[PDB]
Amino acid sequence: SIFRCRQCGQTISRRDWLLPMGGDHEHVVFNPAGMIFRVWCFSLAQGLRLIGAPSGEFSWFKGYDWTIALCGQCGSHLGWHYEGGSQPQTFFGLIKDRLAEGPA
């Protein structure tokens, strides 16, 4: 039911907050460095630190700009916050294998 940071246990999100963007909460993507991510979209998340200002470059999600989202506790890269778009205006794309799932 709750997702925590796999490295340190910081409280991050909830299964209840999964968001099906374009029909699926799961999206498999690669960046310009060829890294493949299995990204789960969430309407809401907490315990992150968003670093820098948003960028639209190479955005996986049409009409959204991204900011890097670290674990606010341990600084591990957990995904991205997306903003600037429509319906919803914002959401989080978190890297599923960087989270741990477990009880409330």
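All residue numbers are counted from 1 along the displayed sequence.
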Q: Please work out which of 20 to 28 and 77 to 85 has the higher mean CA B-factor as recorded in the PDB entry.
A: 20 to 28
Q: Using the entry's values, work out which of 69, 45, 41, 53 has the largest Cα B factor.
A: 53
Q: Comparing against every modelled residue in the chain, figure out the third that the C-alpha B-factor of residue 2 lands in (lowest, middle or highest).
A: middle
Q.
Could you place residue 99 in the lowest, middle or highest third of its chain by Cα temperature factor, using the values in the record?
A. lowest
